[PDB]
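Structural overview for review
Chain by chain, the residues run as shown.
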Amino acid sequence: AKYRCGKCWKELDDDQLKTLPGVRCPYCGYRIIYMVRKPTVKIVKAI
Amino acid sequence: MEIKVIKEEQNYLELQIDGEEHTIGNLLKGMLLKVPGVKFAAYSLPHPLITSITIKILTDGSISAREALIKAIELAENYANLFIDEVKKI
Amino acid sequence: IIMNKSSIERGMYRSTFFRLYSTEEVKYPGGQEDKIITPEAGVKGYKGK
Amino acid sequence: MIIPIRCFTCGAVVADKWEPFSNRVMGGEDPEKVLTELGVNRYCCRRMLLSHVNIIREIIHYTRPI
Amino acid sequence: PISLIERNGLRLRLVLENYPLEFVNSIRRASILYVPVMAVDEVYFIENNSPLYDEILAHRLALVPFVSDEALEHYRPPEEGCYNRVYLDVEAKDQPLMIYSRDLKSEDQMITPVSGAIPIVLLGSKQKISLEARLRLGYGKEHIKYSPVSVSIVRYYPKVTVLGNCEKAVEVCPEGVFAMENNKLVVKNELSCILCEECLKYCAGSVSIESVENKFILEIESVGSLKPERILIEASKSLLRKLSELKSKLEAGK
Ligand code: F3S
Ligand SMILES: [Zn+2]
Ligand SMILES: [Zn+2]
């Protein structure tokens, strides 16, 4: 369950194994994180 | 392409072709109007959402409607072969 | 009106519609009582695996 | 947002003509001559090149982290 | 008979002398529809941070034309299982990067995009994109991305004659069918007429316009996927296949 720190655009990355009070990234105090795209191949038919 | 026959007779025929758009129907209508003996030939697209045409042929009785359709197909094939031969030399 | 379907197939008026679903893990009076966000195993009202 | 690959009316590629047309029009040349000598004579393609916004330049700043 | 008018880049204009209008229209319709052209069918996205979503990018890749003159015989038509593969794997570093169609690596070297100047997408800072597209032959009936011609025209053969000298006809007619040389009204491009009848409307007695029954003008503009002559030949071949199959079914029914 990897995450991404929302500071600027796609600031580094986070792992759920990292434990901090509340929701924060260790790198900066920004309070917003996002889930990353899962590393799986996706079939997208071109209509 | 599926084919279905309706109201077939010696001089009158109706025939539904599934899978052909306006192109084949118009080609066949032109060749049917070209072949002698055919009193009235016309295709129709009953619904544009469905890709299936209906060809109605009425003949004077000298030749069968199915034979008239076959002659029209032969004429169209001759035209296509001539067109290929003339384009290749161009 | 009649619209060219070939134009539509080239992206003439293709659009995207975005819908948002949001929740809050609200805490209500009690002993450390919270609505923890977690996948469900065997609790009541279970929709189906 | 980004210029379409092909003209909507006729399936003619106009995406590759965006950069030359835009660069030369921004340089100080009237769009008519640039379009005529670029290789687009049908006005269906001209409206594709003329009426474009290039939103994608602004969006790359506001991109979903995903 | 077929007479070439002008053969420009990706454009072909012919005059057909003895062919019914129905056959010529069927030829143009089959050129748009029933000629197979290689194009992207499915896209596999390993990673996508681009501003464009997955479906938008897949559509843009599908609309990109690939040269497939030698791919018709080496690849099975869709009615028959052999698909080409094209890779796109790039990443920006610190500045926006507009990635074009030239950096579309293909498994088969003969199959490449028509032009390398086609801009696929623009990437922001530190944005990586990686995908594999599976190209497949297909007809224009299934989708318009498979059409080999951007435009196909079938129009009547014009016969325009000047009867006396008229100064208005040179400026009335939208086409350059009329010219005024040495104070005489003459026709420069007779075959450029479109039978608009403005030339006849403002000066009725000075000019006579008619259409030639047997002759027609057939124009096709390719997109680079195929040669125009090959497009016409393939359209005629598809018409022949359809007619032969219909004849076989009619004979079987009898
Ligand atoms: S373009 Fe041509 S034939 Fe008649 S009215 Fe206009 S002249
Ligand atoms: Zn951070
Ligand atoms: Zn156009």
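Residues numbered from 1 in each chain as written, not as in the entry; some residues may be left out. Chains lettered and ligands numbered in written order. Part of a larger assembly, values for the part shown. Heavy atoms only, no water. Residues with missing side-chain atoms left out of burial classes, pairs and counts.

As summarised from the PDB record, the model derives from cryo-EM at a stated resolution of 3.27 Å.

Focus on the coordination of the zinc ion (ligand 3)
All names here are of chain D. Filter applied, for reference: Metal donors were taken as nitrogen, oxygen and sulfur atoms no farther than 2.8 Å from the ion, or 3.2 Å where the ion is Na, K or Ca. Water is excluded, so coordination may look unfinished. By the criteria applied here, four donors are tetrahedral when all angles lie between 85 and 135 degrees, four are square planar and six octahedral when opposite donors are over 155 degrees apart and every other angle lies between 65 and 115, and any other arrangement is irregular. We count a stretch as a helix when DSSP gives it H or I for four or more residues in a row; a strand needs E for two or more, and each element gets its number in order from the N terminus.
The zinc ion (ligand 3) binds to the protein through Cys-7 (SG), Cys-10 (SG), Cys-44 (SG) and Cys-45 (SG), with metal-donor distances spanning 2.3 Å. One way to put it: the four donor atoms around the zinc ion (ligand 3) meet at angles of 104 to 117°, and that makes the site tetrahedral. Binding-site remark: the zinc ion (ligand 3) is held by donors from one chain whose sequence spacing is C-x2-C-x33-C-C. Note that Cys-10 is positioned in the segment before α1 (18-27) and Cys-44 in helix α3 (residues 43-50), a separation of 34 residues in sequence.

Re the nonpolar core
The test is simple: The set of buried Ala, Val, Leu, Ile, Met, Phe, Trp, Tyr and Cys residues whose side-chain atoms join them within 4.5 Å is what this entry labels a nonpolar core. Each residue is placed in one exposure class: buried if its accessible area under a 1.4 Å probe, protein chains only, is under 20% of its type's maximum, exposed if it is over 50%, and partly exposed if it falls in between. In this entry, domain limits derive from an automatic or database-based domain assignment. Here, residues are in contact when the closest pair of their heavy atoms is within 4.5 Å.
With 113 residues, the main nonpolar core has B:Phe83, E:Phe23, E:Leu57 and E:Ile129 as its most contacted residues. Looking at which domains feed residues into this core, each of domain 1 (1-36 + 147-156 + 214-254) and domain 2 (37-146) of chain E gives three or more. Other than its neighbours up to four places away in sequence, B:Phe83 contacts E:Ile2, E:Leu16, E:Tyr19, E:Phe23, E:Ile27, E:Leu218, E:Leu232 and E:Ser236. Residues E:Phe178, E:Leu185, E:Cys203 and E:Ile209 belong to the second largest nonpolar core, which totals twelve residues.

Some details on the coordination of the zinc ion (ligand 2)
Six octahedral donors around a metal ideally subtend angles of 90 or 180 degrees, whereas four tetrahedral donors ideally subtend 109.5 degrees. Those protein atoms acting as donors to the zinc ion (ligand 2) are A:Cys5 (SG), A:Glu11 (OE), A:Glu11 (OE), A:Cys25 (SG) and A:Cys28 (SG), and they sit at 2.0 to 2.3 Å. By relative accessible area, A:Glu11 is classed as buried at 15%.

Examining the packing of aromatic side chains
This is how the line gets drawn: Pairing of aromatic rings covers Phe, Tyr and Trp, the last counted by its six-membered ring, and requires centre-to-centre distances within 6.5 Å; plane angles under 30 degrees mean stacked, over 60 mean edge-to-face, and any other angle means tilted. Consider the ring centre and the ring normal. A charge sits over the ring if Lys NZ or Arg CZ is within 6 Å of that centre and within 35 degrees of that normal.
The tally for this structure, following the rule as stated, stands at eight aromatic pairs over all chains. Consider the rings of B:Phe83 and E:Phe23, whose centres lie 5.7 Å apart with planes at 70°: the pair is edge-to-face. With one member in each of two chains, B:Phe83 in helix α2 (residues 65-88) and E:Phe23 in helix α1 (residues 21-33) form a pair that bridges those chains. E:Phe23 gets classed as buried once you look at its relative accessible area, which sits at 0%. An angle of 40° between the planes, with centres 6.4 Å apart, marks the rings of D:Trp18 and D:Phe21 as tilted. You can see D:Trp18 and its partner D:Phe21 sitting in helix α1, three residues apart, about one turn around the helix. Every member of this aromatic cluster is reached through a ring pair, and the members are B:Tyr79, B:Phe83, E:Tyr19 and E:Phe23. Here E:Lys168 stacks its cationic end above the ring of E:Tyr202, 5.2 Å away from the centre of that ring.

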